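Text of start_27.cif, listed as mmCIF, C-alpha atoms and all ligand atoms:
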data_my_file
loop_
_atom_site.label_atom_id
_atom_site.label_comp_id
_atom_site.auth_asym_id
_atom_site.auth_seq_id
_atom_site.Cartn_x
_atom_site.Cartn_y
_atom_site.Cartn_z
CA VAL A 3 -74.92 88.81 27.05
CA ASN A 4 -77.75 86.88 25.28
CA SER A 5 -77.90 83.95 22.80
CA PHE A 6 -78.67 85.72 19.49
CA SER A 7 -75.97 85.07 16.91
CA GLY A 8 -74.89 86.52 13.54
CA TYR A 9 -76.81 89.77 13.79
CA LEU A 10 -75.64 93.10 12.32
CA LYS A 11 -75.90 96.09 14.68
CA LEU A 12 -77.92 98.98 13.32
CA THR A 13 -78.01 101.09 16.49
CA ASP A 14 -77.44 100.91 20.24
CA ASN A 15 -80.53 98.67 20.57
CA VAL A 16 -81.56 97.38 17.10
CA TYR A 17 -79.99 94.32 15.45
CA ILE A 18 -80.87 92.68 12.10
CA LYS A 19 -80.31 89.31 10.40
CA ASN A 20 -81.44 87.69 7.15
CA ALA A 21 -83.38 84.91 8.82
CA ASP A 22 -86.70 83.11 9.13
CA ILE A 23 -88.17 84.20 12.51
CA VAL A 24 -89.54 80.64 13.04
CA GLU A 25 -86.07 79.07 12.68
CA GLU A 26 -84.60 81.82 14.84
CA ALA A 27 -87.20 81.11 17.60
CA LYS A 28 -86.66 77.33 17.57
CA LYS A 29 -82.89 77.81 17.86
CA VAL A 30 -82.82 80.65 20.45
CA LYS A 31 -86.07 80.04 22.39
CA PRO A 32 -86.19 83.76 23.30
CA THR A 33 -88.19 85.22 26.16
CA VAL A 34 -90.40 87.06 23.63
CA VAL A 35 -91.11 86.39 19.97
CA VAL A 36 -93.25 88.97 18.17
CA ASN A 37 -96.04 87.83 15.90
CA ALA A 38 -97.23 90.08 13.05
CA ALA A 39 -100.89 89.58 13.98
CA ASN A 40 -104.24 90.82 12.76
CA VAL A 41 -106.94 92.06 15.14
CA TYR A 42 -108.72 88.69 15.08
CA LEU A 43 -105.58 86.68 15.83
CA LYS A 44 -106.34 84.63 12.69
CA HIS A 45 -102.86 83.21 11.90
CA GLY A 46 -103.16 82.37 8.20
CA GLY A 47 -99.90 83.29 6.47
CA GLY A 48 -96.61 85.12 6.76
CA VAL A 49 -95.09 85.27 10.25
CA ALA A 50 -98.33 84.33 12.00
CA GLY A 51 -99.17 81.32 9.86
CA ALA A 52 -95.59 80.02 10.02
CA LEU A 53 -95.28 80.49 13.81
CA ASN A 54 -98.70 78.91 14.30
CA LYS A 55 -97.83 75.99 12.01
CA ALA A 56 -94.65 75.50 14.03
CA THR A 57 -96.80 75.24 17.20
CA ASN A 58 -98.96 72.52 15.61
CA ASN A 59 -101.94 74.98 15.73
CA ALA A 60 -101.71 75.42 19.52
CA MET A 61 -101.16 79.17 19.01
CA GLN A 62 -104.46 79.36 17.07
CA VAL A 63 -106.34 77.38 19.74
CA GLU A 64 -105.06 79.69 22.48
CA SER A 65 -105.78 82.75 20.32
CA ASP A 66 -109.39 81.76 19.63
CA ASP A 67 -110.01 81.40 23.37
CA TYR A 68 -108.42 84.85 23.90
CA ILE A 69 -110.69 86.47 21.28
CA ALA A 70 -113.80 84.70 22.58
CA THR A 71 -113.11 86.26 26.00
CA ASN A 72 -111.70 89.68 25.09
CA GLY A 73 -112.78 90.56 21.57
CA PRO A 74 -110.44 91.80 18.84
CA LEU A 75 -107.27 93.75 19.36
CA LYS A 76 -106.90 97.35 18.20
CA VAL A 77 -104.85 98.17 15.13
CA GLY A 78 -101.59 99.31 16.73
CA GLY A 79 -102.32 97.16 19.80
CA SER A 80 -100.98 93.91 21.18
CA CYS A 81 -101.49 91.09 23.63
CA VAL A 82 -99.09 88.73 25.39
CA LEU A 83 -99.85 85.03 25.02
CA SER A 84 -97.84 81.84 25.30
CA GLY A 85 -94.79 81.27 23.10
CA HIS A 86 -95.61 77.55 23.07
CA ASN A 87 -92.54 75.56 21.82
CA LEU A 88 -90.93 78.66 20.23
CA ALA A 89 -90.42 81.18 23.07
CA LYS A 90 -91.52 81.85 26.61
CA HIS A 91 -94.07 84.41 25.40
CA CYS A 92 -95.50 85.59 22.10
CA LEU A 93 -96.26 89.29 21.79
CA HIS A 94 -98.99 89.49 19.13
CA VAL A 95 -98.71 92.98 17.60
CA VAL A 96 -101.11 94.42 15.03
CA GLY A 97 -99.41 96.76 12.52
CA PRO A 98 -101.70 98.82 10.23
CA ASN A 99 -102.93 97.14 7.04
CA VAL A 100 -102.46 99.78 4.30
CA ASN A 101 -104.37 97.49 1.90
CA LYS A 102 -107.32 97.91 4.34
CA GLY A 103 -106.85 101.71 4.36
CA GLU A 104 -105.52 101.63 7.95
CA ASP A 105 -103.45 104.70 8.94
CA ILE A 106 -99.70 104.36 8.32
CA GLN A 107 -99.03 106.30 11.56
CA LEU A 108 -100.48 103.30 13.50
CA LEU A 109 -97.16 101.62 12.74
CA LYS A 110 -95.43 103.74 15.39
CA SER A 111 -98.10 102.77 17.93
CA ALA A 112 -97.57 99.11 16.99
CA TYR A 113 -93.81 99.31 17.61
CA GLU A 114 -94.39 101.10 20.95
CA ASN A 115 -95.65 97.77 22.32
CA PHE A 116 -92.09 96.42 22.01
CA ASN A 117 -90.94 98.86 24.71
CA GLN A 118 -92.78 96.82 27.37
CA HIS A 119 -90.22 94.01 26.87
CA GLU A 120 -86.48 94.20 27.57
CA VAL A 121 -85.46 91.92 24.68
CA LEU A 122 -87.46 90.64 21.70
CA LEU A 123 -87.05 88.57 18.55
CA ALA A 124 -89.27 90.26 15.96
CA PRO A 125 -90.10 90.57 12.28
CA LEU A 126 -90.72 93.78 10.33
CA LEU A 127 -94.36 94.94 10.75
CA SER A 128 -96.59 96.37 7.94
CA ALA A 129 -93.56 96.15 5.64
CA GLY A 130 -94.01 93.55 2.93
CA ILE A 131 -91.23 93.17 0.37
CA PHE A 132 -91.70 95.68 -2.49
CA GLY A 133 -91.56 99.50 -2.60
CA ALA A 134 -90.44 101.97 0.07
CA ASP A 135 -92.78 100.32 2.61
CA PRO A 136 -90.10 98.07 4.22
CA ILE A 137 -87.43 100.82 4.42
CA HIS A 138 -89.81 103.13 6.24
CA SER A 139 -91.00 100.25 8.47
CA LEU A 140 -87.43 99.72 9.78
CA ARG A 141 -87.03 103.51 10.12
CA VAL A 142 -90.04 103.58 12.47
CA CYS A 143 -88.71 100.61 14.44
CA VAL A 144 -85.33 102.30 14.98
CA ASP A 145 -86.97 105.61 15.94
CA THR A 146 -89.59 104.03 18.27
CA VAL A 147 -88.21 100.93 19.99
CA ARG A 148 -85.82 101.60 22.88
CA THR A 149 -85.52 98.03 24.18
CA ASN A 150 -83.26 95.44 22.55
CA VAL A 151 -84.84 94.15 19.34
CA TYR A 152 -83.45 91.40 17.11
CA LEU A 153 -85.05 91.68 13.67
CA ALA A 154 -85.33 88.58 11.48
CA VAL A 155 -85.82 89.63 7.82
CA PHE A 156 -86.91 86.61 5.71
CA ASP A 157 -86.21 88.08 2.23
CA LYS A 158 -82.44 88.30 1.58
CA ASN A 159 -82.65 90.83 -1.26
CA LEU A 160 -84.70 92.88 1.13
CA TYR A 161 -82.21 92.33 3.98
CA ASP A 162 -79.33 93.38 1.72
CA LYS A 163 -81.31 96.44 0.58
CA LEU A 164 -82.19 97.46 4.17
CA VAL A 165 -78.58 97.18 5.40
CA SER A 166 -77.18 99.01 2.36
CA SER A 167 -79.75 101.81 2.63
CA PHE A 168 -79.84 102.19 6.43
CA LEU A 169 -78.88 105.72 7.57
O1 LIG A 201 -88.76 89.52 5.10
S1 LIG A 201 -89.80 90.20 4.39
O2 LIG A 201 -89.49 90.62 3.05
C1 LIG A 201 -90.45 91.57 5.36
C2 LIG A 201 -91.98 91.42 5.36
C3 LIG A 201 -92.27 89.84 5.41
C4 LIG A 201 -93.71 89.50 4.98
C5 LIG A 201 -93.97 88.00 5.06
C6 LIG A 201 -93.59 87.39 6.45
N1 LIG A 201 -92.18 87.77 6.83
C7 LIG A 201 -91.35 86.93 7.64
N2 LIG A 201 -90.35 87.56 8.31
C8 LIG A 201 -89.49 86.82 9.09
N3 LIG A 201 -89.53 85.49 9.25
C9 LIG A 201 -90.54 84.82 8.59
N4 LIG A 201 -90.81 83.49 8.57
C10 LIG A 201 -91.91 83.21 7.78
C11 LIG A 201 -92.36 84.45 7.23
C12 LIG A 201 -91.46 85.50 7.76
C13 LIG A 201 -92.02 89.25 6.85
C14 LIG A 201 -91.24 89.17 4.42
#

Transcribe the structure of this file into structure tokens.
Ligand SMILES: O=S1(=O)CC[C@@]2(CCCN(c3ncnc4[nH]ccc34)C2)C1
Amino acid sequence: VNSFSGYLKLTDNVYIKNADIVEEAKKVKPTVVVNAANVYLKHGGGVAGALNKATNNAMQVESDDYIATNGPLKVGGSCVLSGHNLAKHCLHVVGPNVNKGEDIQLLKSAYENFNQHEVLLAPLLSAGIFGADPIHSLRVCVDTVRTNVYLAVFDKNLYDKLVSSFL
């Protein structure tokens, strides 16, 4: 038994809720929150900018030190850093950027990072809101992640669409 509340069950191990991941993190304080990162750990908008803002920029300060030491992540890769005031740990995961021409198959590699953690609070990666992109993003999550993942979907029309379309 864990502390996540109000989630719909998609499969044995995947749960979903129309929620803002930042509000979910503050309320639950999970062991792992996933950030939808870029390779530079530049947290400007979306999940990353909102998580970072909620840490009062401490996530960005830690991230810049990480990059200065280690260089950029790989697309499809990840690193574990502090969760600051939001979680014990933040797993920064880089999904492919299709508007950069980055291979859509890297999305499966990105989700494979989740399997190194028993339970995670996470957003959809390389999904966005419009088109078939988000549907297929959740399809890859379900078919790749084997650990217990609690998905917070910010857009309610998208949440409703995902639940109603999920096979
Ligand atoms: O939900 S979406 O339509 C699926 C793709 C999307 C892109 C923007 C950032 N998103 C978030 N997801 C969950 N919590 C969030 N808090 C702040 C942003 C955010 C994910 C929106």

Restricting to all atoms listed in the file, whichever of A:28, A:102, A:76, A:110 is closest to residue A:142 is A:110

_Which residues are near ligand LIG 201 (chain A) in this structure, taking near to mean any atom at most 9 Å from a ligand atom and counting all atoms listed in the file? Format them as a VMD selection string._
chain A and resid 20 to 26 38 47 to 53 124 to 132 136 153 to 161

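You will find atom CA of residue A:79 at 9.7 Å from atom CA of residue A:98.
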
Of A:10, A:84, A:69, A:95, the one sitting nearest residue A:40 when using only C-alpha atoms is A:95

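Closest approach to residue A:73 among A:121, A:42, A:60, A:100 is made by A:42 (distances from all atoms listed in the file).
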
Quick one: residues within 9 Å of residue A:146, all atoms listed in the file counted, chain neighbours fewer than 2 positions away excluded, as a VMD selection string?
chain A and resid 110 to 111 113 to 114 116 to 117 141 to 144 148

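Between atom CA of residue A:37 and atom CA of residue A:55 the interatomic distance comes to 12.6 Å.
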
In Å and to one decimal, atom CA of residue A:46 is distant from atom CA of residue A:72 by 20.3 Å

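Take the candidates A:137, A:151, A:34, A:77 and check each one against residue A:107 using only C-alpha atoms; the shortest distance goes to A:77.
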
Counting only C-alpha atoms, select every polymer residue within 7 Å of (-89.1, 80.6, 23.9) as defined in the file's coordinates, and provide the selection as an NGL selection string. :A and (27 or 31-34 or 85 or 87-91)

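If all atoms listed in the file are the atoms counted, then among A:108, A:68, A:7, A:54 the closest residue to residue A:86 is A:54.
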
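Restricting the calculation to only C-alpha atoms, the smallest distance between residue A:5 and any of A:41, A:18, A:123, A:30 is found for A:30.
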
Just the residues within 8 Å of residue A:9, please, counting all atoms listed in the file, with nothing from its chain fewer than 2 positions along; format it as a list in words.
residues 6, 7, 11, 17, 18, 19 and 152 of chain A

Mind rebuilding stretch 70-99 of chain A with N, CA and C atoms and writing that out as a compact mmCIF listing (two decimals), in the frame of the given file?
# COMPACT_ATOMS: atom_id res chain seq x y z
N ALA A 70 -112.47 85.00 22.06
CA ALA A 70 -113.80 84.70 22.58
C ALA A 70 -114.04 85.40 23.91
N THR A 71 -112.99 85.59 24.70
CA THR A 71 -113.11 86.26 26.00
C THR A 71 -113.01 87.77 25.90
N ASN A 72 -112.10 88.27 25.06
CA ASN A 72 -111.70 89.68 25.09
C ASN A 72 -112.11 90.49 23.88
N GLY A 73 -112.52 89.85 22.80
CA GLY A 73 -112.78 90.56 21.57
C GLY A 73 -111.48 90.91 20.85
N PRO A 74 -111.62 91.52 19.68
CA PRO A 74 -110.44 91.80 18.84
C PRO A 74 -109.49 92.81 19.46
N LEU A 75 -108.23 92.72 19.04
CA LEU A 75 -107.27 93.75 19.36
C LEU A 75 -107.58 95.03 18.57
N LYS A 76 -106.94 96.12 18.98
CA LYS A 76 -106.90 97.35 18.20
C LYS A 76 -105.77 97.28 17.17
N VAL A 77 -105.98 97.92 16.02
CA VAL A 77 -104.85 98.17 15.13
C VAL A 77 -103.87 99.07 15.87
N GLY A 78 -102.60 98.66 15.93
CA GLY A 78 -101.59 99.31 16.73
C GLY A 78 -101.45 98.70 18.11
N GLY A 79 -102.34 97.78 18.49
CA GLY A 79 -102.32 97.16 19.80
C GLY A 79 -101.62 95.81 19.81
N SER A 80 -101.69 95.16 20.97
CA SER A 80 -100.98 93.91 21.18
C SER A 80 -101.60 93.15 22.35
N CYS A 81 -101.25 91.87 22.43
CA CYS A 81 -101.49 91.09 23.63
C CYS A 81 -100.34 90.12 23.81
N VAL A 82 -100.11 89.72 25.05
CA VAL A 82 -99.09 88.73 25.39
C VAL A 82 -99.77 87.39 25.61
N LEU A 83 -99.35 86.38 24.87
CA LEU A 83 -99.85 85.03 25.02
C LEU A 83 -98.65 84.09 25.13
N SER A 84 -98.93 82.80 25.20
CA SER A 84 -97.84 81.84 25.30
C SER A 84 -96.97 81.83 24.04
N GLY A 85 -95.68 81.53 24.22
CA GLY A 85 -94.79 81.27 23.10
C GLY A 85 -94.74 79.81 22.71
N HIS A 86 -95.48 78.96 23.41
CA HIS A 86 -95.61 77.55 23.07
C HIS A 86 -94.22 76.94 23.03
N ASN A 87 -93.85 76.22 21.96
CA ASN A 87 -92.54 75.56 21.82
C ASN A 87 -91.47 76.48 21.23
N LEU A 88 -91.81 77.74 20.94
CA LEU A 88 -90.93 78.66 20.23
C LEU A 88 -90.29 79.74 21.12
N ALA A 89 -90.90 80.08 22.25
CA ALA A 89 -90.42 81.18 23.07
C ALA A 89 -91.16 81.06 24.39
N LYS A 90 -90.72 81.81 25.39
CA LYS A 90 -91.52 81.85 26.61
C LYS A 90 -92.89 82.46 26.34
N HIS A 91 -92.88 83.63 25.69
CA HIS A 91 -94.07 84.41 25.40
C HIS A 91 -94.09 84.79 23.93
N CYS A 92 -95.30 84.95 23.39
CA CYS A 92 -95.50 85.59 22.10
C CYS A 92 -96.24 86.91 22.29
N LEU A 93 -95.61 87.99 21.85
CA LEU A 93 -96.26 89.29 21.79
C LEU A 93 -96.91 89.43 20.41
N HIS A 94 -98.24 89.33 20.37
CA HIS A 94 -98.99 89.49 19.13
C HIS A 94 -99.22 90.98 18.92
N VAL A 95 -98.64 91.54 17.86
CA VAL A 95 -98.71 92.98 17.60
C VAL A 95 -99.40 93.20 16.27
N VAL A 96 -100.35 94.13 16.23
CA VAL A 96 -101.11 94.42 15.03
C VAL A 96 -100.57 95.70 14.41
N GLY A 97 -99.80 95.60 13.32
CA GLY A 97 -99.41 96.76 12.52
C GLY A 97 -100.58 97.16 11.61
N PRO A 98 -100.61 98.41 11.13
CA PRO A 98 -101.70 98.82 10.23
C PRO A 98 -101.64 98.08 8.90
N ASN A 99 -102.81 97.76 8.37
CA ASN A 99 -102.93 97.14 7.04
C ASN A 99 -103.26 98.23 6.02
